[PDB]
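Q: For reference, the structure I am asking about is given below.
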Amino acid sequence: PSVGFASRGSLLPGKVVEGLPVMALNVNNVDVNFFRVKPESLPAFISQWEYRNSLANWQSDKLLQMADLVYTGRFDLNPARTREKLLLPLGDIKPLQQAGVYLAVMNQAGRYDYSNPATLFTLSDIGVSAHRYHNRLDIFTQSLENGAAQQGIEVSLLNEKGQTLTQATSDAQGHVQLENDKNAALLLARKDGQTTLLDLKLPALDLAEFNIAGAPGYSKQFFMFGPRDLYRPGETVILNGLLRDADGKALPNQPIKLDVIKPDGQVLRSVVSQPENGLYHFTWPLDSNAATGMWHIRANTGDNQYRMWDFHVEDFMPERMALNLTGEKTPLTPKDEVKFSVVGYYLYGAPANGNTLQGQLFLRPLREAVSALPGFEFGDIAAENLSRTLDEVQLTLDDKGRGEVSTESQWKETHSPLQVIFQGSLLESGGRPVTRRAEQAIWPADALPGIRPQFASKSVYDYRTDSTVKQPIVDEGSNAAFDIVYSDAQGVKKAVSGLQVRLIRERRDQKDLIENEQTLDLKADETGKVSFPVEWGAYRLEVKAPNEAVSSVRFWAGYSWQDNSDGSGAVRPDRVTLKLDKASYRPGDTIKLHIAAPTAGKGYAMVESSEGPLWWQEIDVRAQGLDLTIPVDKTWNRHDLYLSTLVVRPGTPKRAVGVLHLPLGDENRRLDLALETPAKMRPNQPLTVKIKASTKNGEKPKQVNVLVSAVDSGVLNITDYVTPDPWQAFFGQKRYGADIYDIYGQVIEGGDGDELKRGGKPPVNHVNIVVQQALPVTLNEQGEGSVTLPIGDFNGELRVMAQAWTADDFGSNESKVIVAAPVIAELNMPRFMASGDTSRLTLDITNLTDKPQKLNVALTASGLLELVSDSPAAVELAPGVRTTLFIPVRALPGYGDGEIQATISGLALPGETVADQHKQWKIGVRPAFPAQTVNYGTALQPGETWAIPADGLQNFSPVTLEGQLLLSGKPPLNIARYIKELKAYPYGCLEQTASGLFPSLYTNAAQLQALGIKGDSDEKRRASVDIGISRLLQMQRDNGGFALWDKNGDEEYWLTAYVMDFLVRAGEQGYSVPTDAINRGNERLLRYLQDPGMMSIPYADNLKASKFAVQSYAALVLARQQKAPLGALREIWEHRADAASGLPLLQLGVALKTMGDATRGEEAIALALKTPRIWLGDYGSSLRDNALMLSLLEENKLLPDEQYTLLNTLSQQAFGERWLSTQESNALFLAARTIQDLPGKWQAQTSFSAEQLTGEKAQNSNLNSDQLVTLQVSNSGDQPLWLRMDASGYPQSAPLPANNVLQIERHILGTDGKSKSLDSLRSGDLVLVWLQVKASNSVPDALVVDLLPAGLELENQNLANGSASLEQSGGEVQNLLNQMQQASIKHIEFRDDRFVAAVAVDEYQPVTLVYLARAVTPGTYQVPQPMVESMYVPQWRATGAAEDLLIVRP
Ligand SMILES: [Cl-]
Ligand SMILES: [Cl-]
Ligand SMILES: [Cl-]
């Protein structure tokens, strides 16, 4: 009993019309109404309509207000009881033959439903295909069916408002060139001869199947390069630069502005770089307190289009070993055993003989099985057990440093492609791994079916998994389109017949209901396009190939509440395989292109750039292929040049696109750079690099400049660093500078360092980073030169890198130099040690001589290190043999460094004298517990002095004690942070009305503008107060009391005092309130003081407390008018014990003082500031009451010291409050509106300065323990100064677990999801450390510092290539990972001695954090407690439960 639009397209052709396609079942008569959309403001209609399937009855009023009804036509059909689709004769409708975009709303004759089927369309046989560029836009007009009517004058380009900007004609048969805008919205065709709609708001055609990728530097090229992309905090960043034009040619000496960007996006430093001999060179030191993450240097050549140079800043350890994990290139069959070949070796040139390889084998689905087909999914999504942990790998490499990893197949009957991932960790003799990942593809057949939905993927919430996930969605009652391909691993589409295309409806709340079935035949290099009528709910489209291989994609049918993925539903055109005769072309050459389209079709063939086309027209394509000539022009001096083709053929006219990069990079512009270095060398000796630049036929290397660098391979392998190539930078394939738009897809068919200070001074890491960069040299007449780089005490591999340049000639080369001693003696130690820890250090002595060696190793420990044993080892080593000495050590108490020294004897050298060798290794030591923070804050009056309390810095060790002193002229409470808007609202009930106007009695537009708060004009605000008064007066009852809405309603006792307070204050602020109303109100307030017994508050939990709050408020309002009888006040005072808050007592106190009883008045006020805080009925809270008490004290100019105490308390309460009620923000605004009205100027004389300190804003000053213990500050100003003192450092001993506001707990799980037994921990084990943080109020700036036991090392997730994955190894704690994904995390840091997370937490949302760690150095370790604290409020702090010692076994 339904009828709806089947095509859901935006354009039906004027030729082969057949009207609008409609699918009906048992519906004989259909009433359709057509509406012509108003030409003006048409983009506003499209954005509101969003190309829907149906029209909502309420939302129809707004949408159809910009469209006029032209025809009301009913249509006669003949179905009695099949759901056949049919035509709609539109040719007889004369108003529809006119220009404009139409909307058809159909309904069953006498049916009334919530929504009726609706579609937006245009009747036209015109087919435009626009091309967008950075400045211009070239449109190509055509025609549907047999004919390519190219003439195009009719181009209506409308903006966001809905006004046409330009319209003209050009080129052979017809074409048009127009000015492009950044905020352009539409494009329309023809004045009277039909209309074609094309909008720029829709995503441009997806060219994902085409190689249109490259650098976006179409303008003057600036190649940013350096010796590495990975730095440690405290290192000097080296960056070089060469500026050239679009064709790599030299240009005049111009300055380039460079900015250093932090991971948070803030700039650190800005410089103006000037070139020296055509070379740019930027150097600056990273602070030791620098943030870890992806930093970058951004360059500005002058085009204001930034050039980026990314670099990691991490606590990395250079790799001392190389690990190669190799699978098979070709996918395995489901019957095949999975095998990985392992190769490990020390970079100093020796195999990893006997080294342990620990690892994980995982089974995962291989859905993105063909890289050549991006977006195409392969395999059954409904198939179970495709994600598993296969085995834990534990093996020893042979004498050659070789091994093999294998697992028998446990997926022999799979119909879906799978993958086996080996996450292998090759371990050092100390336990530190070198981790790598290898993947093995498994294919159920040689060719598989692949599915790509043509519809967008939007983020839809799923309450079955309680997590929002982006999934391909389509509107309910609309057809779902899909691209189906039968492809091999390489991407070539194979011919197949008998594909079981099945539309399955998944159970909502029995079994999966098979909705529709199909049979598909595919041709080679053909993309199948299937469309199925979809109803509602969960769906799955599965295609089965005759070889039994099954592939399926899940999709939801329903509503979209915006939240769309950036162009997820973009049109993908059919491919036109374009072939070229030569691999590279030049200005003197002539290109011969073969256009091999799927079928015949007219359109265009051209050469493009980012500034426009260069071969504007070519129109024909005939038979099966077309070889055409393109003469490459001499003025084309750029490498962003591409080729493009378009073909169309009617049956609907199927469109196909072809795109290909035109290579213009000549090989004669490349320098033949040769580097001659020795293959092997000794440490502490200088390395010599012999450079030789040349080129064939020419052989003239005129003034060649060479920049030589040498970096440790163990640094470069972490980020698989590629040697910077200047030829590929300036001449390599640049990105496609165009965007293609066409309508063939819509055609109808039918401070700094402060976080590290809170955690504690990190121990120093003494690792050696071997990096060298010599000055740029000049090569002589022959093109010869030499660079000598001094190499220190390094044992490993060194990568020699060189960059060469002239004006247009660029070269790059690399060579590997092994730096190794005759006998290598290397010590493996943890990253740091804590006080009271024991670590088994390992010393590897390797004989790299051809002769046997006899040595003595003498060991001693200095600093905060001591040897557990004696180790007076006698070492005898045969050629190429390595031994490992176990050196157990203990870390002494305190913060500092430790050292192990080795003096080796009997080193027999050939020819050379036998002399003693010396080696030193340092380790950083720190306490095994987090730092504590002491915080002080006070306002110093002029002349007055502040000194640090004697009991303050007593628990800190002076060595690590650091502090921060912030001085300012304004209080720490910033009202703009809590109040963004302050506007009058004179409507609603009695409470709402008074609450929307109370702040409006005191502020003004000038004050709000100075505060940075949005408000009303003074005129609007005053008019609103007057409206509110007149409304409130109508709620006054005959007894003078006030009701909630009407004068006849029940009396509201607290609100009567509230509204009376408002109305009396309104009078003092220049507003008129009738005298009779005030008198009646005051008479009623007097009844409250005299008669609390007649008060009916039945919902009150504490009736006496409620009655007391009413009387005290009534008392203050009458006393401010000198109308409160002292007898009544004294009798209310006798019941003071009834108060449940300080506010009623402070109000009563002010009343007693005002009316004459200063003794009882001062007693009440003093009692109020000691009394802590429908339910109570007073609409109150602690926050509100503290702000009202503050205004009361200020207003009555009493207890200024108590005012400063409440102001600091308020600042912390506002900070910790999720949302503020109207009365809280009102009270807070009124208490803090006068503090920013004072200047920020301040003066102070301090203990740490001989010169006076002055400023106009808050100026921080870092302090050391000498300064802090004698810290004294004096106010030398005429205004009060505000000081904040934060001191941090390790205590002398470990404190006990404590918590205030915040809560933290730590638990360690194994990768099996079970609790890990902290004794049964072995060197190499991966563990999941789980933190849970809770809070009794909002902590927007919580800093989680989890100091590690020295035996645990973090798996740095930022350096994915060199570490184990949290995602892959955390499958058994997916609940915890999902909880963590929901947390608001500012940043996460994987440091040497700690895990750090900056997070927001509150009472309704506990935070879950999970991190992956590895047990490395064997020993017995102290476990520091987990810590969490607020940066702004350091008193919001928690230390988790004390844990048992951590034992790491060998
Ligand atoms: Cl080991
Ligand atoms: Cl006030
Ligand atoms: Cl802060």
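A note on labels: chains of the structure tokens are A, B, ... as shown, every chain counts residues from 1, and ligands are counted from 1 in their shown order.
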Pick out each residue of range 680-734 of chain A that DSSP on the backbone tags as helix (DSSP H, G or I); I need them as number ranges by chain.
A: A: 713-716, 726-731
Q: Can I get the selected residues back with C-alpha atoms, as a CSV table (one decimal), in the first residue's frame?
A:
chain,number,residue,atom,x,y,z
A,713,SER,CA,71.7,4.3,11.7
A,714,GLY,CA,70.0,3.3,15.0
A,715,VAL,CA,68.5,6.9,15.1
A,716,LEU,CA,67.4,6.9,11.4
A,726,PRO,CA,66.8,17.9,-3.8
A,727,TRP,CA,66.1,16.6,-7.4
A,728,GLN,CA,62.8,14.8,-6.3
A,729,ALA,CA,61.9,17.9,-4.1
A,730,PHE,CA,62.1,20.4,-7.0
A,731,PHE,CA,61.3,18.1,-10.0
Q: What are the nearest atom pairs, with distances in Å to one decimal, for all residues of chain A that come at most 9 Å from ligand 3, using only C-alpha atoms and all ligand atoms, set out by chain and rising residue number as JSON lines?
A:
{"residue": "A:751", "atom": "CA", "partner": "ligand 3", "partner_atom_place_in_ligand_line": "1 (Cl)", "distance": 7.5}
{"residue": "A:754", "atom": "CA", "partner": "ligand 3", "partner_atom_place_in_ligand_line": "1 (Cl)", "distance": 8.7}
{"residue": "A:1341", "atom": "CA", "partner": "ligand 3", "partner_atom_place_in_ligand_line": "1 (Cl)", "distance": 8.8}
{"residue": "A:1430", "atom": "CA", "partner": "ligand 3", "partner_atom_place_in_ligand_line": "1 (Cl)", "distance": 8.4}
{"residue": "A:1431", "atom": "CA", "partner": "ligand 3", "partner_atom_place_in_ligand_line": "1 (Cl)", "distance": 5.0}
{"residue": "A:1432", "atom": "CA", "partner": "ligand 3", "partner_atom_place_in_ligand_line": "1 (Cl)", "distance": 4.0}
{"residue": "A:1433", "atom": "CA", "partner": "ligand 3", "partner_atom_place_in_ligand_line": "1 (Cl)", "distance": 7.6}
{"residue": "A:1434", "atom": "CA", "partner": "ligand 3", "partner_atom_place_in_ligand_line": "1 (Cl)", "distance": 8.8}
Q: Could you list the protein, DNA and RNA residues that have any atom within 10 Å of ligand 1, counting only C-alpha atoms and all ligand atoms, and write them as JSON, numbers by chain?
A: {"A": [355, 356, 357, 358, 426, 427, 428, 429, 430, 431, 432, 433, 842, 1322, 1323, 1324, 1416, 1417, 1418, 1449, 1450]}
Q: If you keep N, CA, C and O atoms, can you produce a file of those selected residues as a compact mmCIF listing (two decimals), in the first residue's frame?
A:
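What landed in result.txt:
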# COMPACT_ATOMS: atom_id res chain seq x y z
N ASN A 355 70.69 -14.40 20.41
CA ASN A 355 69.71 -13.42 20.85
C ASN A 355 68.29 -13.98 20.79
O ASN A 355 67.95 -14.74 19.88
N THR A 356 67.49 -13.60 21.78
CA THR A 356 66.10 -14.01 21.96
C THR A 356 65.19 -13.10 21.13
O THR A 356 65.40 -11.88 21.05
N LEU A 357 64.19 -13.72 20.50
CA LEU A 357 63.13 -13.08 19.74
C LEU A 357 61.79 -13.48 20.37
O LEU A 357 61.40 -14.66 20.31
N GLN A 358 61.15 -12.52 21.03
CA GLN A 358 59.82 -12.68 21.64
C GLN A 358 58.84 -12.02 20.72
O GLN A 358 59.16 -11.00 20.13
N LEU A 426 63.18 -8.30 18.87
CA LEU A 426 64.52 -8.85 19.00
C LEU A 426 65.14 -8.16 20.20
O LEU A 426 65.23 -6.94 20.22
N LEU A 427 65.52 -8.94 21.21
CA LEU A 427 66.04 -8.45 22.48
C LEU A 427 67.55 -8.37 22.55
O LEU A 427 68.26 -9.24 22.02
N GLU A 428 68.05 -7.32 23.24
CA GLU A 428 69.46 -7.11 23.60
C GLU A 428 69.79 -8.03 24.77
O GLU A 428 68.85 -8.52 25.42
N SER A 429 71.07 -8.19 25.13
CA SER A 429 71.42 -9.03 26.28
C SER A 429 70.87 -8.46 27.62
O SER A 429 70.81 -9.17 28.63
N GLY A 430 70.45 -7.19 27.60
CA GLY A 430 69.87 -6.49 28.73
C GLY A 430 68.36 -6.50 28.77
O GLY A 430 67.76 -6.14 29.78
N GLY A 431 67.75 -6.91 27.67
CA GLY A 431 66.30 -7.02 27.57
C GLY A 431 65.62 -6.01 26.67
O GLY A 431 64.48 -6.25 26.25
N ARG A 432 66.28 -4.86 26.38
CA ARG A 432 65.70 -3.81 25.54
C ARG A 432 65.48 -4.33 24.12
O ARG A 432 66.43 -4.86 23.51
N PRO A 433 64.24 -4.23 23.59
CA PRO A 433 63.99 -4.79 22.27
C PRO A 433 64.15 -3.79 21.14
O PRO A 433 64.23 -2.58 21.33
N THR A 842 74.32 -5.68 32.06
CA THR A 842 74.96 -6.66 31.19
C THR A 842 76.02 -5.95 30.35
O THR A 842 75.75 -4.90 29.77
N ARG A 1322 58.61 -11.36 33.53
CA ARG A 1322 59.85 -11.72 32.88
C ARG A 1322 60.30 -10.70 31.86
O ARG A 1322 59.47 -10.05 31.21
N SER A 1323 61.63 -10.59 31.69
CA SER A 1323 62.26 -9.68 30.74
C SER A 1323 61.72 -9.95 29.33
O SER A 1323 61.88 -11.06 28.81
N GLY A 1324 60.99 -8.99 28.78
CA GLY A 1324 60.37 -9.09 27.47
C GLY A 1324 58.85 -9.02 27.49
O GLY A 1324 58.25 -8.72 26.46
N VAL A 1416 61.79 -4.80 31.01
CA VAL A 1416 63.07 -4.79 30.31
C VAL A 1416 64.21 -5.31 31.21
O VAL A 1416 64.60 -6.48 31.08
N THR A 1417 64.77 -4.44 32.08
CA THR A 1417 65.92 -4.80 32.89
C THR A 1417 65.54 -5.68 34.08
O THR A 1417 64.74 -5.26 34.92
N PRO A 1418 66.17 -6.88 34.18
CA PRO A 1418 65.90 -7.74 35.34
C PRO A 1418 66.38 -7.09 36.63
O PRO A 1418 67.42 -6.42 36.62
N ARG A 1449 62.23 -10.88 36.21
CA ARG A 1449 63.10 -12.05 36.11
C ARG A 1449 63.89 -12.02 34.79
O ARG A 1449 63.37 -11.48 33.82
N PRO A 1450 65.11 -12.62 34.69
CA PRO A 1450 65.81 -12.66 33.40
C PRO A 1450 65.05 -13.49 32.33
O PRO A 1450 64.30 -14.42 32.71
Q: Step one, run DSSP on the backbone; step two, keep only residues of range 275-511 of chain A assigned to strand (DSSP E); then write them as a PyMOL selection string.
A: chain A and resi 280-285+293-300+307-313+321-326+338-346+350-351+356-365+388-396+402-407+418-427+433-442+448-453+457-462+467-475+479-487+496-505
Q: If you take only C-alpha atoms and all ligand atoms and a cut-off of 7 Å, which residues of chain A touch ligand 2, and what are their nearest atom pairs and distances in Å to one decimal, in chain and number order, as CSV?
A:
residue,atom,partner,partner_atom_place_in_ligand_line,distance
A:1002,CA,ligand 2,1 (Cl),6.4
A:1191,CA,ligand 2,1 (Cl),6.2
A:1195,CA,ligand 2,1 (Cl),6.6
A:1230,CA,ligand 2,1 (Cl),5.7
Q: Smallest atom-to-atom distance to residue 1429 in chain A: which of A:224, A:64, A:1139, A:1339, using only C-alpha atoms?
A: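 Smallest separation from residue 1429 in chain A among the options: A:1339.
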Q: Need to verify the contact set: residue 55 in chain A, 7 Å, only C-alpha atoms, exclusion of same-chain residues closer than 4 positions in sequence. Can you return it as a list in words?
A: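 Returned residues: residues 60, 115, 116, 117 and 118 of chain A.
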Q: Return the single residue from A:47, A:531, A:1317, A:938 that is closest to residue 749 in chain A, with distances computed using only C-alpha atoms.
A: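 Of A:47, A:531, A:1317, A:938, the one nearest residue 749 in chain A, counting only C-alpha atoms, is A:531.
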Q: At a cut-off of 9 Å, using only C-alpha atoms, what residues contact residue 407 in chain A? Leave out same-chain residues fewer than 2 positions from it and give the result as a compact mmCIF listing (two decimals) with C-alpha atoms, in the first residue's frame.
A:
# COMPACT_ATOMS: atom_id res chain seq x y z
CA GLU A 337 51.46 -22.64 6.67
CA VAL A 338 52.38 -19.01 7.53
CA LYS A 339 56.17 -18.45 7.62
CA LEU A 361 51.08 -13.74 16.09
CA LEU A 390 47.41 -17.16 17.50
CA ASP A 391 50.56 -17.73 19.62
CA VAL A 405 58.55 -18.22 12.65
CA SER A 409 46.63 -22.71 9.24
CA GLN A 410 43.51 -22.64 11.49
Q: Measure the distance from CA of residue 106 in chain A to CA of residue 69 in chain A in Å and round it to one decimal.
A: 13.1 Å
Q: Could you pull the residues within 8 Å of range 755-763 of chain A, counting only C-alpha atoms, minus those fewer than 3 positions along the same chain, as a PyMOL selection string?
A: chain A and resi 289+752+832+895-897+924-926+930-933+960+962+1288-1290+1343+1345+1347+1393+1431
Q: Go ahead and dump the residues you just picked, N, CA, C and O atoms, as a compact mmCIF listing (two decimals), in the first residue's frame.
A:
# COMPACT_ATOMS: atom_id res chain seq x y z
N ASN A 289 62.94 20.69 29.20
CA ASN A 289 61.56 20.58 29.68
C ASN A 289 60.55 20.59 28.51
O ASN A 289 59.35 20.70 28.75
N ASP A 752 55.70 27.00 31.00
CA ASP A 752 56.48 25.93 30.35
C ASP A 752 57.35 25.19 31.36
O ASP A 752 58.04 25.81 32.18
N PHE A 832 66.89 4.66 33.52
CA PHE A 832 67.18 5.32 34.78
C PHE A 832 67.09 4.30 35.91
O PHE A 832 66.65 3.17 35.70
N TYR A 895 68.77 12.12 44.63
CA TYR A 895 68.67 12.50 43.23
C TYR A 895 70.06 12.88 42.72
O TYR A 895 70.73 13.74 43.31
N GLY A 896 70.45 12.28 41.61
CA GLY A 896 71.73 12.57 40.97
C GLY A 896 72.11 11.57 39.90
O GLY A 896 71.24 11.03 39.21
N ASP A 897 73.41 11.34 39.76
CA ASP A 897 73.97 10.43 38.78
C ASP A 897 74.81 9.34 39.43
O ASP A 897 75.28 9.48 40.57
N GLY A 924 71.10 8.00 35.45
CA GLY A 924 70.39 8.98 36.26
C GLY A 924 69.58 8.30 37.34
O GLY A 924 68.89 7.32 37.08
N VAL A 925 69.69 8.78 38.58
CA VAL A 925 68.98 8.22 39.73
C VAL A 925 68.00 9.28 40.28
O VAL A 925 68.31 10.48 40.29
N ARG A 926 66.81 8.84 40.70
CA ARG A 926 65.78 9.70 41.30
C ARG A 926 65.02 8.94 42.40
O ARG A 926 65.08 7.72 42.43
N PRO A 930 56.27 10.10 43.59
CA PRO A 930 56.05 11.39 42.91
C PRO A 930 56.34 12.58 43.80
O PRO A 930 56.33 12.47 45.03
N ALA A 931 56.57 13.73 43.17
CA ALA A 931 56.80 14.99 43.86
C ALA A 931 55.51 15.46 44.50
O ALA A 931 54.42 14.99 44.14
N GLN A 932 55.64 16.36 45.47
CA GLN A 932 54.53 17.02 46.16
C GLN A 932 54.58 18.49 45.80
O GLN A 932 55.65 18.99 45.44
N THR A 933 53.45 19.18 45.91
CA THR A 933 53.40 20.61 45.60
C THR A 933 52.75 21.35 46.78
O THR A 933 51.73 20.91 47.32
N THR A 960 66.27 18.97 44.56
CA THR A 960 65.22 18.94 43.55
C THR A 960 64.14 20.01 43.72
O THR A 960 63.29 20.16 42.85
N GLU A 962 62.22 23.22 43.40
CA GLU A 962 62.01 24.27 42.42
C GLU A 962 60.68 24.96 42.71
O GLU A 962 59.78 24.35 43.28
N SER A 1288 57.54 22.86 44.19
CA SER A 1288 57.45 21.41 43.95
C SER A 1288 58.80 20.72 44.05
O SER A 1288 59.85 21.31 43.75
N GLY A 1289 58.76 19.47 44.47
CA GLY A 1289 59.95 18.65 44.62
C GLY A 1289 59.62 17.35 45.31
O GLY A 1289 58.54 17.20 45.89
N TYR A 1290 60.56 16.41 45.25
CA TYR A 1290 60.43 15.12 45.91
C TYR A 1290 60.52 15.26 47.43
O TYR A 1290 61.46 15.91 47.92
N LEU A 1343 46.33 16.63 35.87
CA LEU A 1343 47.58 16.09 35.34
C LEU A 1343 47.88 14.77 36.00
O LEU A 1343 48.15 14.73 37.20
N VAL A 1345 50.37 11.88 36.54
CA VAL A 1345 51.78 11.52 36.43
C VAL A 1345 51.93 10.15 37.03
O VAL A 1345 51.73 9.95 38.23
N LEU A 1347 54.85 7.68 37.49
CA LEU A 1347 56.28 7.41 37.48
C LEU A 1347 56.47 5.91 37.43
O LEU A 1347 55.78 5.17 38.14
N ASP A 1393 61.06 7.93 32.32
CA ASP A 1393 60.78 7.54 33.71
C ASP A 1393 59.29 7.65 34.14
O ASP A 1393 58.98 7.40 35.31
N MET A 1431 46.32 21.53 37.93
CA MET A 1431 47.35 22.56 37.75
C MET A 1431 46.93 23.85 38.49
O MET A 1431 47.70 24.36 39.31
Q: For residue 375 in chain A, please output as a ChimeraX atom specification all residues within 10 Å (counting only C-alpha atoms; exclusion window: fewer than 6 positions along the same chain).
A: /A:208-209,367-368,450-454,483
Q: With N, CA and C atoms kept, could you save the residues just selected as a short mmCIF file (atom, residue, chain, number, x, y, z; two decimals), in the first residue's frame?
A:
data_model
loop_
_atom_site.label_atom_id
_atom_site.label_comp_id
_atom_site.auth_asym_id
_atom_site.auth_seq_id
_atom_site.Cartn_x
_atom_site.Cartn_y
_atom_site.Cartn_z
N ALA A 208 40.36 8.96 -6.35
CA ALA A 208 41.12 8.04 -5.48
C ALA A 208 41.79 6.91 -6.27
N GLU A 209 41.20 6.51 -7.41
CA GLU A 209 41.73 5.46 -8.28
C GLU A 209 42.86 6.01 -9.20
N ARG A 367 40.30 -6.70 4.90
CA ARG A 367 39.19 -6.10 4.18
C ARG A 367 39.69 -5.21 3.03
N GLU A 368 40.75 -4.40 3.26
CA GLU A 368 41.37 -3.55 2.23
C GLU A 368 42.46 -4.38 1.51
N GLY A 450 34.77 -7.63 -4.58
CA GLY A 450 34.93 -6.43 -3.76
C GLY A 450 33.75 -5.49 -3.88
N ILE A 451 33.32 -4.92 -2.75
CA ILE A 451 32.17 -4.02 -2.66
C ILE A 451 32.57 -2.64 -2.15
N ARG A 452 32.07 -1.60 -2.83
CA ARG A 452 32.25 -0.21 -2.42
C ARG A 452 30.89 0.49 -2.45
N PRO A 453 30.30 0.86 -1.29
CA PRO A 453 29.02 1.61 -1.34
C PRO A 453 29.24 2.97 -2.00
N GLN A 454 28.23 3.46 -2.72
CA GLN A 454 28.31 4.74 -3.43
C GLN A 454 27.80 5.89 -2.54
N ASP A 483 29.28 -0.36 -5.90
CA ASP A 483 30.23 -0.74 -6.95
C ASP A 483 30.77 -2.14 -6.61
#
Q: Ranking A:126, A:261, A:212, A:499 by minimum distance to residue 643 in chain A and counting only C-alpha atoms, which one comes first?
A: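 Looking at the shortest contact to residue 643 in chain A, the residue is A:212.
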